[PDB]
Each structure stands twice: as C-alpha cells, then as structure tokens.
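Notes follow once the structure below has been shown.
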Amino acid sequence: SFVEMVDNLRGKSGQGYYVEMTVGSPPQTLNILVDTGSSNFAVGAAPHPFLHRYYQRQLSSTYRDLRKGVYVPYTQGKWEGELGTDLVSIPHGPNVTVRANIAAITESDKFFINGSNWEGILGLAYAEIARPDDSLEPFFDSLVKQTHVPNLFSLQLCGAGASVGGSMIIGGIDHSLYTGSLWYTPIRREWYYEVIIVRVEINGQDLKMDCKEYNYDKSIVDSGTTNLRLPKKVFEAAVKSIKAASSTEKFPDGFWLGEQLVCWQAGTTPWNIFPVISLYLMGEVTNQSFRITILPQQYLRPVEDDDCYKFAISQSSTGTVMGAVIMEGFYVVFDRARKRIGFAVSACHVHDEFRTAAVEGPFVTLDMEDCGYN
Ligand SMILES: CC(C)(C)c1cccc(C2(NC[C@@H](O)[C@H](Cc3cc(F)cc(F)c3)NC(=O)CC[C@@H](O)C(=O)O)CCCCC2)c1
C-alpha cells in the first residue's frame with residue numbers, strides 16, 4: 001500500500017531519515033528530513049557551507065510570496081526564513097501534487113549537517129506547534145485536504161542492513177513491512193504525536209516510579225530526534241539498572257552521558273550483558289496496555305572506526321522522546337484518522353542470537369489515566 005514508496009528513505013546514523021521531494025515548476029529536487037517532532041516544511045533556500053543544492057524561488061513560475069517571515073528553534077539548531085507557497089510532490093510517494101506552505105531558509109544556525117545529503121525538513125506533526133502559529137497549515141494537512149490520500153502515514157525506519165534506509169508509506173499501511181499484530185496507543189492530544197507510557201521494565205524489573213514520571217511533562221513519538229530521551233528522574237533510574245546489569249565491564253563516565261564511544265573487537269560486542277527495556281503504552285480498551293521491547297542493539301548505536309557505539313539514551317527536561325532508535329525495527333503507524341499510533345515488529349527487525357524485539361499484549365494496567373501529566 002504501496003510498493004512505490006517502499007525503501008523511499010535514506011539517511012546516516014544519527015542524522016535522521018530523508019525522502020526525495022520536488023518543489024516548484026519546473027520541479028527542483030531536494031532531500032527532506034522526515035520529522036514527526038515538528039510541523040513546519042522548510043528548505044534550504046540560499047547557499048550555506050553544508051548545502052549541495054537549495055531551492056530557487058525565482059526559477060519557479062508557481063512560487064507565491066506570503067510576505068511574512070518565520071523562524072523555528074529546535075533542541076539546538078534553528079533557522080529563519082521567508083514564508084511562501086508552491087507546488088510540491090514526492091517522486092516515491094503517492095501520485096499527487098499539492099500547493100503547500102514552504103519556509104524558505106535564508107539563515108540558519110547549527111541546523112544543517114556537514115555531509116548530510118538533506119536540504120530541508122518535513123514537519124509531520126499537527127498545526128498546533130507550527131511556527132509562527134497554528135494558522136500555517138502543515139504539509140500533511142494540505143495533502144489531505146487537496147487530494148484523496150487517506151489521513152494516515154507509517155514509518156519503517158531501519159538500522160544498518162555504515163549508512164541506512166526505510167520507508168514512509170503515505171496514505172496507508174503496507175502489509176509487507178511488518179509481522180505479527182499492530183497494537184495501537186491513543187494520541188493523547190493532537191500537537192506533537194503525544195502518547196502515554198503506563199509502565200517501565202528493565203530486564204523484567206519494574207522501575208517502580210509513579211507513572212506520571214514517565215510522562216513529565218509529555219511523552220511523544222519523535223522521528224526527528226535520534227535518542228530515547230527520558231525525564232531526569234526516569235533517566236537516572238534507568239542508567240542505574242543498566243549500569244548494574246552490565247557491571248562486568250568498565251565504562252568511562254562520558255559514555256553514560258552520550259559524549260564518548262565504547263569499542264569492542266569486531267564481532268565480540270557483549271550484547272547479552274545489556275538489559276532489554278520494556279515500554280508499556282496505553283492501549284485501546286479499558287485497563288489494557290501493551291509493551292514494546294527495545295534491545296541493546298537499538299540503544300547502543302554504531303559509529304564507524306573495531307565495532308564502536310554511543311549510548312543513545314539521554315536526559316530530557318522536556319518529557320519522554322521516543323526517537324529514531326526506538327522507532328527502528330518497529331513499523332509505526334500514525335493513524336491520524338483514528339487518533340492513534342500503531343506499533344508492529346518491523347520486517348527489518350533488529351536480531352540478537354537469543355532475544356527479540358516485540359510488541360506484545362494485552363496487559364492489564366489499572367489507573368492508566370492517572371499516568372498523564374496535568
Ligand atoms: C519545532 C518545535 C515544535 C518548536 C520543537 C522545538 C524543540 C524541540 C522539539 C522536539 N522535536 C525536535 C525535532 O523537531 C528536531 C528536528 C531536527 C533534526 C535535525 F537533524 C536537526 C535539527 F536542527 C532539527 N530534532 C532535534 O532538534 C534533535 C536533533 C539532534 O539533537 C538529534 O537528536 O538527532 C524535541 C523535544 C520534544 C518536543 C519535540 C520540537
């Protein structure tokens with residue numbers, strides 16, 4: 001649903017996943033980062049040391065200026081630019097063309113990456129967190145309003161199998177991309193893709209915190225953030241257990257902070273000493289939830305030059321962010337029509353000789369609604 005969009009994403013480890021788009025008439029081709037954690041469509045529109053190409057408004061007979069500026073601040077990077085509209089399409093995407101809002105980026109700081117291969121960002125979340133304000137229609141809303149594409153997309157983000165790939169199925173769910181059942185969690189509110197974590201286990205041991213801690217101040221699925229990011233108190237409980245699981249090894253302190261590799265001899269990575277992490281999500285029926293299980297092969301992410309890794313779980317003071325390492329090896333369905341996100345085991349699942357990533361349920365969990373913050 002459909003073959004045409006299967007394997008339509010590419011990326012580098014830790015630099016997001018991008019999809020090919022064209023903007024303007026005639027079509028100008030850009031690579032565009034696929035970001036469930038923001039809601040603005042923006043594209044390099046002026047030279048910058050890190051851009052191979054950029055969008056050229058003067059060459060599009062279909063460009064229209066909105067004569068209004070815009071800027072967006074992310075966790076660290078930020079850009080400013082000029083709002084306009086234009087015709088936009090996705091070559092490996094549905095067969096449609098829309099007029100969508102476009103921020104043309106004229107200045108930026110710490111936003112583009114050195115050898116990135118991407119030139120723009122596709123914020124796929126709801127108008128609410130759009131900049132300057134919720135009146136700037138996000139691209140996906142426009143796509144839905146203009147064409148007949150169903151109000152639904154799914155993301156199959158894959159780890160290696162040194163440089164990566166994946167699929168963005170616009171408008172449905174492609175059955176060849178996952179196994180087992182889909183389990184759905186409610187979208188709590190339509191701004192970020194907000195969800196609610198009702199329970200946390202590490203190698204089968206409940207973390208025993210008040211479930212409010214898991215969602216303080218929000219939990220969101222964010223394909224535009226690399227790490228699993230955890231609220232301070234949860235982060236420290238989790239590192240504690242992960243340290244004691246793996247104490248048979250000697251770890252620098254900068255490792256646990258994400259600012260320093262650990263290396264082992266090719267093929268000898270001590271997989272079995274790192275615990276599995278289970279996240280239980282609110283389910284669709286009363287008192288029911290389901291779990292997703294993350295393997296060490298998701299949260300110790302590989303970087304080149306021996307097999308080398310960074311700890312891809314880190315600290316947040318803006319809530320739980322289920323980033324790209326959590327999403328890898330799941331097929332994640334953003335079912336906007338039904339205010340829900342589905343998780344299944346990805347067809348490109350992460351393997352381990354003795355353990356496997358899993359979406360399992362049903363589980364009973366009382367008082368799930370008390371887990372939400374405010
Ligand atoms: C855009 C908006 C809505 C105002 C905003 C602001 C701050 C944080 C976010 C959130 N989404 C954040 C998400 O949009 C952005 C997209 C992005 C990807 C990129 F490659 C470079 C960037 F400059 C920006 N990603 C990041 O800021 C993290 C990037 C990097 O540190 C990494 O972890 O890989 C993250 C925290 C929880 C809320 C959602 C969103």
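To be explicit about the labels: the chains of the structure tokens are called A, B, and onward in the order shown, and within each one the residues are counted from 1, while ligands get numbers from 1 in the order they are shown.
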### Task
Would you list the residues that come within 8 Å of ligand 1? Count only C-alpha atoms and all ligand atoms and give the answer as a ChimeraX atom specification.
/A:14-16,33,35-40,72-78,110-113,121,123,129-131,192,220,222-227,318-321,323
So that each row is one residue of region 90-203 of chain A with an atom at most 10 Å from region 296-307 of chain A, can you give its shortest atom pair and the distance in Å to one decimal, using only C-alpha atoms, rows by chain and rising number, as JSON lines?
{"residue": "A:159", "atom": "CA", "partner": "A:298", "partner_atom": "CA", "distance": 8.2}
{"residue": "A:160", "atom": "CA", "partner": "A:302", "partner_atom": "CA", "distance": 9.0}
{"residue": "A:162", "atom": "CA", "partner": "A:304", "partner_atom": "CA", "distance": 6.8}
{"residue": "A:163", "atom": "CA", "partner": "A:303", "partner_atom": "CA", "distance": 9.8}
Would you mind listing, for every residue of region 181-228 of chain A within 7 Å of region 343-346 of chain A, the two atoms forming the shortest contact and the distance between them in Å to one decimal, using only C-alpha atoms, sorted by chain and ascending residue number, as a Markdown table?
| residue | atom | partner | partner_atom | distance |
| --- | --- | --- | --- | --- |
| A:181 | CA | A:344 | CA | 6.0 |
| A:182 | CA | A:344 | CA | 4.7 |
| A:183 | CA | A:343 | CA | 5.4 |
| A:184 | CA | A:343 | CA | 6.4 |
Go ahead and save the picked residues with N, CA and C atoms, as a PDB file, in the first residue's frame.
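As written to disk, out.pdb reads:
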ATOM      1  N   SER A 181       0.896  -8.591  14.951  1.00  0.00           N
ATOM      2  CA  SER A 181      -0.192  -7.634  15.055  1.00  0.00           C
ATOM      3  C   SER A 181       0.329  -6.253  15.298  1.00  0.00           C
ATOM      4  N   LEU A 182      -0.497  -5.292  14.903  1.00  0.00           N
ATOM      5  CA  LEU A 182      -0.354  -3.933  15.287  1.00  0.00           C
ATOM      6  C   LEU A 182      -1.040  -3.710  16.610  1.00  0.00           C
ATOM      7  N   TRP A 183      -0.390  -3.049  17.524  1.00  0.00           N
ATOM      8  CA  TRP A 183      -1.021  -2.618  18.727  1.00  0.00           C
ATOM      9  C   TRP A 183      -1.063  -1.092  18.721  1.00  0.00           C
ATOM     10  N   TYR A 184      -2.192  -0.506  19.112  1.00  0.00           N
ATOM     11  CA  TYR A 184      -2.351   0.950  18.995  1.00  0.00           C
ATOM     12  C   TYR A 184      -2.438   1.592  20.359  1.00  0.00           C
TER      13      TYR A 184
END
### Message
When you count only C-alpha atoms, which of these residues is closest to residue 140 (chain A): A:124, A:368, A:332, A:155?
### Response
A:124
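If you look at CA of residue 44 (chain A) and CA of residue 27 (chain A), they are 15.3 Å away from each other.
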#### Entry: DSSP strand (DSSP E) residues within region 153-208 of chain A, listed as JSON, numbers by chain
{"A": [153, 154, 155, 156, 157, 164, 165, 166, 167, 168, 169, 170, 178, 179, 180, 181, 182, 183, 184, 185, 186, 194, 195, 197, 198, 199, 200, 201, 202, 205, 206]}
### Query
With only C-alpha atoms as the basis for distance, which of A:203, A:314, A:147, A:1 is at the shortest distance from residue 255 (chain A)?
A:314
### Message
Which residues are close to region 173-175 of chain A, i.e. within 9 Å by only C-alpha atoms, leaving aside same-chain residues fewer than 3 positions away? Reply as a ChimeraX atom specification.
### Response
/A:1-3,6,152-154,169-170,178-179,333
Those same residues - N, CA and C atoms - I'd like them written as an mmCIF file, in the first residue's frame.
data_model
loop_
_atom_site.group_PDB
_atom_site.id
_atom_site.type_symbol
_atom_site.label_atom_id
_atom_site.label_comp_id
_atom_site.auth_asym_id
_atom_site.auth_seq_id
_atom_site.Cartn_x
_atom_site.Cartn_y
_atom_site.Cartn_z
ATOM 1 N N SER A 1 0.758 -1.377 0.000
ATOM 2 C CA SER A 1 0.000 0.000 0.000
ATOM 3 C C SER A 1 0.728 1.323 0.000
ATOM 4 N N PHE A 2 1.908 1.430 -0.606
ATOM 5 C CA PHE A 2 2.135 0.928 -1.949
ATOM 6 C C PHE A 2 3.628 0.696 -2.137
ATOM 7 N N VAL A 3 3.916 -0.251 -3.032
ATOM 8 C CA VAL A 3 5.249 -0.646 -3.399
ATOM 9 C C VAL A 3 6.134 0.520 -3.800
ATOM 10 N N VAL A 6 8.022 2.022 -0.930
ATOM 11 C CA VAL A 6 8.831 1.135 -0.101
ATOM 12 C C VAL A 6 10.320 1.467 -0.383
ATOM 13 N N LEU A 152 -3.351 9.331 7.108
ATOM 14 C CA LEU A 152 -2.632 8.235 7.756
ATOM 15 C C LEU A 152 -1.259 8.132 7.092
ATOM 16 N N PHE A 153 -0.179 8.030 7.854
ATOM 17 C CA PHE A 153 1.068 7.629 7.237
ATOM 18 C C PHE A 153 1.740 6.655 8.192
ATOM 19 N N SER A 154 2.674 5.862 7.673
ATOM 20 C CA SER A 154 3.511 4.996 8.506
ATOM 21 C C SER A 154 5.019 5.057 8.122
ATOM 22 N N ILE A 169 5.242 5.353 4.156
ATOM 23 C CA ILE A 169 4.075 4.990 3.370
ATOM 24 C C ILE A 169 3.116 6.060 3.633
ATOM 25 N N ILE A 170 2.976 6.935 2.636
ATOM 26 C CA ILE A 170 1.953 7.969 2.796
ATOM 27 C C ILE A 170 0.572 7.370 2.511
ATOM 28 N N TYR A 178 5.928 -5.537 7.992
ATOM 29 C CA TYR A 178 5.858 -5.829 9.437
ATOM 30 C C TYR A 178 5.348 -7.222 9.566
ATOM 31 N N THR A 179 5.496 -7.797 10.783
ATOM 32 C CA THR A 179 4.935 -9.101 11.109
ATOM 33 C C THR A 179 4.125 -8.996 12.354
ATOM 34 N N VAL A 333 2.644 3.303 12.911
ATOM 35 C CA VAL A 333 1.530 3.824 12.112
ATOM 36 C C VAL A 333 0.994 5.014 12.832
#
### Query
Counting only C-alpha atoms, which of A:337, A:292, A:211, A:9 gets nearest to residue 150 (chain A)?
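Once distances to residue 150 (chain A) are computed over only C-alpha atoms, the minimum belongs to A:337.
In terms of minimum interatomic distance to residue 193 (chain A), A:342 ranks closest within A:132, A:342, A:270, A:69, counting only C-alpha atoms.
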### Task
Compare A:283, A:104, A:96, A:81 by their minimum atom-to-atom distance to residue 58 (chain A), counting only C-alpha atoms, and give me the closest one.
A:104
### Query
Hey, what's within 9 Å of residue 257 (chain A) if we count only C-alpha atoms and toss same-chain stuff fewer than 6 positions away? As a ChimeraX atom specification, please?
/A:311,313-315
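With distances restricted to only C-alpha atoms, A:22 is the closest residue to residue 89 (chain A) from A:108, A:31, A:22, A:117.
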### Message
Please identify the helix (DSSP H, G or I) residues within region 30-260 of chain A (assignment by DSSP from backbone atoms) and present them as a PyMOL selection string.
### Response
chain A and resi 57-59+127-129+139-146+175-177+211-214+232-245
Please produce an output containing N, CA, C and O atoms for each residue in the selection, written as a tab-separated table (two decimals), in the first residue's frame.
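Result file part19.tsv:
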chain	number	residue	atom	x	y	z
A	57	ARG	N	13.58	30.29	-5.65
A	57	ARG	CA	12.21	30.76	-5.88
A	57	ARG	C	12.00	31.45	-7.24
A	57	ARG	O	10.90	31.43	-7.82
A	58	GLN	N	13.07	32.09	-7.71
A	58	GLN	CA	13.00	32.88	-8.93
A	58	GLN	C	12.85	31.97	-10.16
A	58	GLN	O	12.39	32.43	-11.23
A	59	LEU	N	13.16	30.67	-9.99
A	59	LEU	CA	13.06	29.67	-11.07
A	59	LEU	C	11.77	28.88	-11.06
A	59	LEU	O	11.63	27.90	-11.81
A	127	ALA	N	-0.92	21.24	13.42
A	127	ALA	CA	-0.76	22.69	13.28
A	127	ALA	C	-0.38	23.40	14.57
A	127	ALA	O	0.40	24.42	14.56
A	128	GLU	N	-0.93	22.88	15.66
A	128	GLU	CA	-0.73	23.45	16.97
A	128	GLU	C	0.69	23.91	17.33
A	128	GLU	O	0.87	24.94	18.03
A	129	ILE	N	1.69	23.16	16.93
A	129	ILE	CA	3.04	23.53	17.28
A	129	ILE	C	3.74	24.09	16.05
A	129	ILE	O	4.95	24.26	16.05
A	139	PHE	N	2.16	20.60	5.91
A	139	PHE	CA	2.11	19.97	4.62
A	139	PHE	C	1.12	18.83	4.63
A	139	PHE	O	0.31	18.69	3.69
A	140	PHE	N	1.14	17.97	5.67
A	140	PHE	CA	0.33	16.75	5.58
A	140	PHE	C	-1.19	17.06	5.60
A	140	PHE	O	-2.02	16.35	4.99
A	141	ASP	N	-1.54	18.09	6.34
A	141	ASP	CA	-2.89	18.60	6.35
A	141	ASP	C	-3.30	19.05	4.95
A	141	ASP	O	-4.37	18.71	4.51
A	142	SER	N	-2.41	19.77	4.26
A	142	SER	CA	-2.66	20.27	2.93
A	142	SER	C	-2.86	19.10	1.99
A	142	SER	O	-3.75	19.13	1.13
A	143	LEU	N	-1.96	18.10	2.10
A	143	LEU	CA	-2.01	16.91	1.26
A	143	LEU	C	-3.33	16.23	1.45
A	143	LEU	O	-3.93	15.76	0.48
A	144	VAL	N	-3.81	16.18	2.68
A	144	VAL	CA	-5.07	15.50	2.90
A	144	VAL	C	-6.27	16.27	2.33
A	144	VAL	O	-7.18	15.66	1.75
A	145	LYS	N	-6.25	17.60	2.49
A	145	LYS	CA	-7.33	18.45	2.07
A	145	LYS	C	-7.42	18.57	0.56
A	145	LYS	O	-8.51	18.68	0.03
A	146	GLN	N	-6.28	18.52	-0.12
A	146	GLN	CA	-6.26	18.71	-1.57
A	146	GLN	C	-6.47	17.46	-2.42
A	146	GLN	O	-7.01	17.56	-3.51
A	175	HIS	N	1.37	-3.97	4.15
A	175	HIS	CA	1.46	-5.20	4.92
A	175	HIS	C	2.76	-5.97	4.85
A	175	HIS	O	3.02	-6.80	5.76
A	176	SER	N	3.59	-5.65	3.86
A	176	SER	CA	4.80	-6.42	3.67
A	176	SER	C	5.89	-5.94	4.60
A	176	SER	O	6.95	-6.51	4.63
A	177	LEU	N	5.64	-4.86	5.33
A	177	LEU	CA	6.66	-4.18	6.11
A	177	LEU	C	6.67	-4.54	7.58
A	177	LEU	O	7.33	-3.90	8.36
A	211	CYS	N	3.90	6.45	37.51
A	211	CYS	CA	3.84	6.54	36.05
A	211	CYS	C	3.76	7.99	35.50
A	211	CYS	O	4.10	8.24	34.35
A	212	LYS	N	3.44	8.95	36.35
A	212	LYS	CA	3.47	10.38	35.98
A	212	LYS	C	4.86	10.79	35.58
A	212	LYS	O	5.03	11.68	34.75
A	213	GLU	N	5.85	10.17	36.20
A	213	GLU	CA	7.27	10.49	35.96
A	213	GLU	C	7.63	10.14	34.53
A	213	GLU	O	8.41	10.88	33.91
A	214	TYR	N	7.07	9.03	34.02
A	214	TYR	CA	7.32	8.61	32.64
A	214	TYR	C	6.85	9.66	31.60
A	214	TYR	O	7.50	9.80	30.57
A	232	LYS	N	14.69	13.43	33.62
A	232	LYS	CA	15.80	13.31	34.61
A	232	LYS	C	15.67	12.11	35.57
A	232	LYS	O	16.54	11.25	35.58
A	233	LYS	N	14.58	12.06	36.35
A	233	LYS	CA	14.43	11.05	37.43
A	233	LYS	C	14.35	9.64	36.85
A	233	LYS	O	14.97	8.68	37.36
A	234	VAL	N	13.60	9.51	35.74
A	234	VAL	CA	13.48	8.24	34.99
A	234	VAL	C	14.82	7.89	34.35
A	234	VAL	O	15.25	6.72	34.31
A	235	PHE	N	15.48	8.90	33.81
A	235	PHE	CA	16.79	8.68	33.19
A	235	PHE	C	17.79	8.08	34.19
A	235	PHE	O	18.57	7.16	33.83
A	236	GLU	N	17.76	8.59	35.42
A	236	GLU	CA	18.68	8.13	36.44
A	236	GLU	C	18.29	6.78	36.96
A	236	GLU	O	19.16	5.95	37.16
A	237	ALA	N	17.00	6.49	37.13
A	237	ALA	CA	16.63	5.10	37.44
A	237	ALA	C	17.12	4.13	36.36
A	237	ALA	O	17.64	3.06	36.66
A	238	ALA	N	16.98	4.54	35.10
A	238	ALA	CA	17.26	3.61	34.01
A	238	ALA	C	18.74	3.37	33.88
A	238	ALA	O	19.15	2.22	33.73
A	239	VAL	N	19.55	4.43	33.96
A	239	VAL	CA	21.02	4.25	33.94
A	239	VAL	C	21.50	3.39	35.14
A	239	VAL	O	22.27	2.47	34.93
A	240	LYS	N	21.00	3.66	36.35
A	240	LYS	CA	21.30	2.81	37.49
A	240	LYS	C	21.16	1.33	37.13
A	240	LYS	O	22.16	0.58	37.26
A	241	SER	N	19.99	0.90	36.64
A	241	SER	CA	19.78	-0.51	36.30
A	241	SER	C	20.63	-0.92	35.16
A	241	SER	O	21.08	-2.05	35.13
A	242	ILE	N	20.78	-0.07	34.17
A	242	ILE	CA	21.55	-0.52	33.04
A	242	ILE	C	23.04	-0.68	33.42
A	242	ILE	O	23.73	-1.46	32.80
A	243	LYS	N	23.52	0.08	34.42
A	243	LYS	CA	24.89	0.01	34.95
A	243	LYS	C	25.10	-1.27	35.72
A	243	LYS	O	26.11	-1.95	35.54
A	244	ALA	N	24.15	-1.58	36.59
A	244	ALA	CA	24.22	-2.84	37.36
A	244	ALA	C	24.02	-4.13	36.53
A	244	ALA	O	24.67	-5.15	36.82
A	245	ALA	N	23.17	-4.08	35.49
A	245	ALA	CA	23.06	-5.18	34.50
A	245	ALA	C	24.42	-5.53	33.88
A	245	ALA	O	24.77	-6.71	33.72
#### Entry: Nearby residues (only C-alpha atoms) at most 9 Å from residue 348 (chain A), same-chain spacing under 6 positions excluded, as an MDAnalysis selection string
chainID A and resid 156:159 161 166 177:178 328:331
Just-selected residues, N, CA, C and O atoms written as an mmCIF file, in the first residue's frame:
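So result-v4.cif came out as:
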data_model
loop_
_atom_site.group_PDB
_atom_site.id
_atom_site.type_symbol
_atom_site.label_atom_id
_atom_site.label_comp_id
_atom_site.auth_asym_id
_atom_site.auth_seq_id
_atom_site.Cartn_x
_atom_site.Cartn_y
_atom_site.Cartn_z
ATOM 1 N N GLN A 156 8.787 3.098 8.561
ATOM 2 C CA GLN A 156 9.539 1.900 8.905
ATOM 3 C C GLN A 156 10.998 2.358 8.806
ATOM 4 O O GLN A 156 11.541 2.477 7.703
ATOM 5 N N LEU A 157 11.565 2.711 9.964
ATOM 6 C CA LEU A 157 12.901 3.209 9.984
ATOM 7 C C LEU A 157 13.860 2.043 10.262
ATOM 8 O O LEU A 157 13.635 1.226 11.183
ATOM 9 N N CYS A 158 14.888 1.896 9.443
ATOM 10 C CA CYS A 158 15.729 0.691 9.615
ATOM 11 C C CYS A 158 17.112 1.075 10.041
ATOM 12 O O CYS A 158 17.621 2.079 9.572
ATOM 13 N N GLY A 159 17.722 0.294 10.934
ATOM 14 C CA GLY A 159 19.147 0.434 11.254
ATOM 15 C C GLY A 159 19.877 -0.244 10.108
ATOM 16 O O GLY A 159 19.204 -0.808 9.233
ATOM 17 N N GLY A 161 21.656 -2.397 7.186
ATOM 18 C CA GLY A 161 21.317 -3.692 6.573
ATOM 19 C C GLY A 161 20.394 -3.668 5.386
ATOM 20 O O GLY A 161 20.258 -2.627 4.749
ATOM 21 N N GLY A 166 14.793 3.062 4.793
ATOM 22 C CA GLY A 166 13.492 2.864 5.443
ATOM 23 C C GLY A 166 12.399 3.182 4.468
ATOM 24 O O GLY A 166 12.710 3.522 3.340
ATOM 25 N N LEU A 177 5.642 -4.862 5.327
ATOM 26 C CA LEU A 177 6.661 -4.177 6.107
ATOM 27 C C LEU A 177 6.672 -4.542 7.579
ATOM 28 O O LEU A 177 7.328 -3.901 8.363
ATOM 29 N N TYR A 178 5.928 -5.537 7.992
ATOM 30 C CA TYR A 178 5.858 -5.829 9.437
ATOM 31 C C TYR A 178 5.348 -7.222 9.566
ATOM 32 O O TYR A 178 4.845 -7.765 8.584
ATOM 33 N N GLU A 328 13.347 2.370 15.259
ATOM 34 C CA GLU A 328 13.985 1.408 14.327
ATOM 35 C C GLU A 328 13.526 -0.017 14.612
ATOM 36 O O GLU A 328 13.439 -0.422 15.769
ATOM 37 N N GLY A 329 13.252 -0.818 13.587
ATOM 38 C CA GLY A 329 12.829 -2.178 13.908
ATOM 39 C C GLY A 329 11.382 -2.311 14.475
ATOM 40 O O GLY A 329 10.949 -3.414 14.775
ATOM 41 N N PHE A 330 10.652 -1.200 14.623
ATOM 42 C CA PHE A 330 9.181 -1.227 14.592
ATOM 43 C C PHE A 330 8.622 -0.633 13.288
ATOM 44 O O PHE A 330 9.284 0.119 12.644
ATOM 45 N N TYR A 331 7.410 -1.022 12.910
ATOM 46 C CA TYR A 331 6.662 -0.315 11.873
ATOM 47 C C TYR A 331 5.658 0.555 12.687
ATOM 48 O O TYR A 331 4.884 0.075 13.526
#
### Query
Can you tell me, as number ranges by chain, what residues are no more than 10 Å from residue 291 (chain A) when counting only C-alpha atoms, ignoring any on the same chain fewer than 2 positions away?
A: 183, 197-201, 277-283, 289, 293-294, 343, 358-363
